[PDB]
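We place every Cβ from the backbone using ideal geometry, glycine too, and count neighbours over all the protein chains shown. What is reported rests on the model, the rules as stated and the sources as named; none is laboratory data.
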Amino acid sequence: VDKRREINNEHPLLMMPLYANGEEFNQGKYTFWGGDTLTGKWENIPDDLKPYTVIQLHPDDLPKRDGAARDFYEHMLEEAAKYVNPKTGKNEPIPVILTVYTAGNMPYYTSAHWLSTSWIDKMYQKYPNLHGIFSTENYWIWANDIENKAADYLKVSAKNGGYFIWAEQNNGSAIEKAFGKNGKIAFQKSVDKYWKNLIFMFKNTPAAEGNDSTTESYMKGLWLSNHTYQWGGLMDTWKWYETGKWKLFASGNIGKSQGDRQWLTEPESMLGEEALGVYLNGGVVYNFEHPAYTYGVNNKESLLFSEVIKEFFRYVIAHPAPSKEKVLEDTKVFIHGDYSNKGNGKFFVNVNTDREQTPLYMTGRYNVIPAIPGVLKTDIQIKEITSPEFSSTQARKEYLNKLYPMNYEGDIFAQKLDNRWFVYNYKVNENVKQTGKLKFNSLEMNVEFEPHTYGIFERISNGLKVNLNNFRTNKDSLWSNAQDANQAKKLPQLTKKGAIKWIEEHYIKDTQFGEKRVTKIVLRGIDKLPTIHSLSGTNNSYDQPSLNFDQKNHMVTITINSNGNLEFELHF
Ligand SMILES: CC(=O)N[C@H]1[C@@H](O[C@H]2[C@@H](O)[C@@H](CO)O[C@@H](O)[C@@H]2O[C@@H]2O[C@@H](C)[C@@H](O)[C@@H](O)[C@@H]2O)O[C@H](CO)[C@H](O)[C@@H]1O
């Protein structure tokens with residue numbers, strides 16, 4: 001059946017979440033938390049991005065009873081279906097994805113429980129603008145018939161030419177079980193027929209359990225082995241709450257005690273560092289939480305959205321991610337087996353991650369090593385997870401080091417694609433500068449990055465194109481009146497409503513921008529003083545870069561002082 005949309009490297013997808021306000025629904029009003037509206041939100045999306053963005057409805061705290069989610073969803077599907085573009089005056093139905101399964105669809109957790117497969121089929125038939133359905137976050141409540149239900153969602157989507165999109169994390173072997181590890185094989189068999197209509201994403205919310213790397217490995221491997229059409233990630237600023245962090249760089253752990261302050265605190269640019277792990281490995285679907293901080297409120301873009309996500313998403317449209325063909329050519333090792341039997345996220349710590357609790361990598365040398373669970377058949381060295389090479393940290397590196405050569409110097413994350421070096425500082429909550437030395441041919445480039453900074457350096461015919469992002473606003477005001485972790489833990493709760501109000505009042509406006517901070521780029525093998533061209537970036541966020549040319553040493557030091565996004569070319 002003809003696909004309702006394309007999702008691939010040239011046609012990536014940004015999911016745009018809208019969360020139902022259940023309190024207001026009880027009063028007969030149809031509204032979203034944060035005050036976005038379906039029509040206003042769509043209208044605000046830049047026209048260039050509209051072909052690649054889909055509205056994702058989520059039932060959030062709708063009443064947990066029959067009829068509530070169906071009622072709210074039908075209301076919104078009608079709004080989407082009859083939208084009129086005014087400019088054009090033409091009816092242009094808004095593309096929609098419905099959230100249909102979450103928290104195991106337990107009747108004590110979600111109104112989505114009372115959305116039948118029969119109702120889903122009827123919606124797809126009624127609304128050509130319904131492009132897919134979404135299951136999200138079930139690892140902690142792995143319902144008895146989850147795999148059976150997932151098979152039904154995939155089939156009903158394939159029947160109608162829509163996509164079934166599942167965002168899940170390998171906590172408690174979730175991804176392995178989905179494909180039949182524990183004998184529940186309905187979904188495995190569904191995928192054998194309908195993988196062209198499946199999108200599989202990570203969901204990095206449960207940061208305390210450290211399953212980021214293994215989940216992403218699986219996502220990439222399932223894609224490479226034709227067990228999902230495309231893959232991606234849902235990146236979640238609640239990870240800061242899950243790991244008990246508070247004020248940026250501060251000592252002490254406050255555990256899960258200040259939720260609504262905590263999901264605001266993750267550095268804006270760190271979401272781009274996370275998203276790079278998707279792009280660089282051929283993933284093409286992106287989604288974020290908490291929506292109020294990552295997207296915005298009241299139909300306006302937050303600064304995280306405008307300065308990081310929108311720029312990054314424009315980048316992956318203009319430079320499509322590597323194709324399956326290409327990723328597959330580049331893969332030297334493919335793992336077959338269950339990470340859950342080999343320490344789960346611990347498998348990669350001190351291989352390509354610096355700690356158990358991180359969504360980042362410490363080296364791009366192996367990029368992301370792809371895997372599929374042991375229940376799947378295979379169907380490049382394909383290596384069983386139980387083989388001697390994987391028995392320990394050192395063994396893993398020895399084996400991988402023969403097949404993936406060292407291709408840069410320095411304690412920093414860097415990965416190369418064609419003429420481009422992608423670089424970031426991998427520290428999460430420690431204020432440590434990092435440095436690296438990268439080579440194009442010939443041209444040798446050193447960089448020094450503070451934490452929460454990524455750059456893309458592209459060798460061009462007359463020099464170097466640079467895109468830099470270190471956007472990080474000051475969140476200290478949220479942690480005012482707390483001199484240590486003990487005092488922070490006891491602050492009055494910000495609350496969900498208070499945090500939305502803080503965003504309106506102190507983020508969307510009256511922003512406490514962060515201090516400008518220094519990045520250095522050193523070019524070696526240089527004949528003359530390079531010149532800077534096409535300089536642009538976040539408004540009022542950067543000084544004019546400074547150059548220092550040592551003619552005898554064929555080298556130039558470029559000093560940038562900034563806090564935001566930035567782009568320019570050097571000609572030489
Ligand atoms: C109780 C609450 O504050 N709920 C809002 C909050 O929900 C997320 C957090 O509570 C997070 C803590 O790490 O746990 C996540 O489970 C939860 O996500 C929401 O619930 C799960 C089961 C899934 O359905 C998710 O899609 C959903 O977001 O933050 C979200 C927005 O990030 C909402 O405001 C919740 O109402």
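Is at least one residue of segment 273-287 more than 26 Å from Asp418 (Cβ to Cβ) and not in a helix (DSSP H, G or I)?
So far as segment 273-287 goes, yes, one or more of its residues are more than 26 Å from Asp418 (Cβ to Cβ) and not in a helix (DSSP H, G or I).
Using the structure shown, decide if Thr228 is among the hydroxyl-bearing types (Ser, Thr, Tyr), assigned to a loop (DSSP other than H, G, I, E, B) and within 30 Å of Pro492 (Cα to Cα). Outline the logic, then answer.
Working: among the hydroxyl-bearing types (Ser, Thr, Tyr): yes; assigned to a loop (DSSP other than H, G, I, E, B): yes; within 30 Å of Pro492 (Cα to Cα): no.
When the stated conditions are applied, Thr228 does not pass them.
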Open item on the list: Could you check segment 1-24 and list, in sequence order, the residues that are farther than 26 Å from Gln125 by Cα and of a type outside the set (S, T, N, Q)?
Closed with: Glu10, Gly22, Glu23, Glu24
Open item on the list: All but one of (1) within 16 Å of the ligand (Cβ to nearest atom); (2) over 30 Å from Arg314 (Cα atoms) hold for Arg70; state the number of the condition that does not hold.
Closed with: (1)
Open item on the list: All but one of (1) closer than 22 Å to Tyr108 by Cβ; (2) buried (at least 18 other Cβ atoms within 10 Å of the Cβ); (3) not aromatic (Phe, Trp, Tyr) hold for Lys41; state the number of the condition that does not hold.
Closed with: (1)
Task: Hits in segment 424-450 - residues which are closer than 19 Å to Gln357 by Cβ and outside any strand (DSSP E or B) - done: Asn425, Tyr426, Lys427, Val428, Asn429, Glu430, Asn431, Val432
TODO: Please work out if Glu329 is touching a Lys or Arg at 6+ places or on another chain (Cβ under 9 Å) and surrounded by fewer than 20 Cβ atoms within 10 Å (Cβ to Cβ).
DONE: no
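Got a sec? Which of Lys552, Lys528 is in a loop (DSSP other than H, G, I, E, B) and either charged (D, E, K, R) or assigned by CATH to the domain that holds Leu248 (or both)? Can you show your working first?
Values: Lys552 fails: in a loop (DSSP other than H, G, I, E, B).
Answer to the selection: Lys528.
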Open item on the list: One residue is enough: does segment 16-34 have a residue meeting the conditions away from the ligand (no atom under 16 Å from the Cβ) and in contact with a strand residue (DSSP E or B) (Cβ under 6 Å, 6 or more places away or on another chain)?
Closed with: no
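Look through segment 514-542, keep the residues that are over 30 Å from the mean Cα position of the chain (by Cα) and among the charged types (D, E, K, R), and return whichever of them is nearest to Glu311 (Cα to Cα). Don't jump to the end; show me each part of the working.
Let us first name the residues in segment 514-542 that are over 30 Å from the mean Cα position of the chain (by Cα), namely 522-533.
So of that shortlist, the ones also among the charged types (D, E, K, R) come out as 524, 527-528.
Values: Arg524: 29, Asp527: 33, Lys528: 32 Å.
That would be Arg524.
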Task: Residue in segment 73-81 that is crowded, with 22+ Cβ neighbours inside 10 Å and either closer than 26 Å to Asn171 by Cβ or within 16 Å of the ligand (Cβ to nearest atom) (or both) present - done: yes
Open item on the list: Quick check on segment 230-264: of everything there that is of a type in the set (D, E, K, R) and within 12 Å of the ligand (Cβ to nearest atom), which residue is surrounded by the most Cβ atoms within 10 Å (Cβ to Cβ)?
Closed with: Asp236
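For segment 195-225, which residues satisfy the criterion of being at negative phi, part of a loop (DSSP other than H, G, I, E, B) and either among the small types (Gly, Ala, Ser) or more than 16 Å from the ligand (Cβ to nearest atom) (or both)?
We begin by selecting, within segment 195-225, every residue at negative phi; these are 195-209, 211-225.
Checking the rest, the ones that are also part of a loop (DSSP other than H, G, I, E, B) come to 204-206, 211, 225.
Matches in segment 195-225: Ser225 only.
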Open item on the list: Return the pair list, or none, for Cβ contacts closer than 8 Å from residues in segment 249-272 that are at positive phi and outside the structural domain of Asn563 (by CATH) to residues that are crowded, with 19+ Cβ neighbours inside 10 Å and assigned to a loop (DSSP other than H, G, I, E, B), at least 6 apart or on different chains.
Closed with: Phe249/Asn429; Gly252/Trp246; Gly255/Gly244
Task: The lone exception for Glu273 - which of (1) touching an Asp or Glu at 6+ places or on another chain (Cβ under 8 Å); (2) over 30 Å from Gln188 (Cβ atoms); (3) more than 16 Å from the ligand (Cβ to nearest atom) it fails - done: (1)
- [ ] Could you please tell me which pairs satisfy a Cβ distance under 7 Å, a separation of 6+ or placement on different chains, a first residue in segment 132-143 that is assigned by CATH to the domain that holds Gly232, and a second residue that is among the β-branched types (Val, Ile, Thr) and not in a strand (DSSP E or B)?
- [x] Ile133/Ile120; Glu137/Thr205; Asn138/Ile146
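Going by the structure shown, is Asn429 polar (S, T, N, Q), farther than 18 Å from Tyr542 by Cβ and touching a helix residue (DSSP H, G or I) at 6+ places or on another chain (Cβ under 9 Å)?
Numbers: polar (S, T, N, Q): yes; farther than 18 Å from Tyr542 by Cβ: yes; touching a helix residue (DSSP H, G or I) at 6+ places or on another chain (Cβ under 9 Å): yes.
So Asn429 passes the test.
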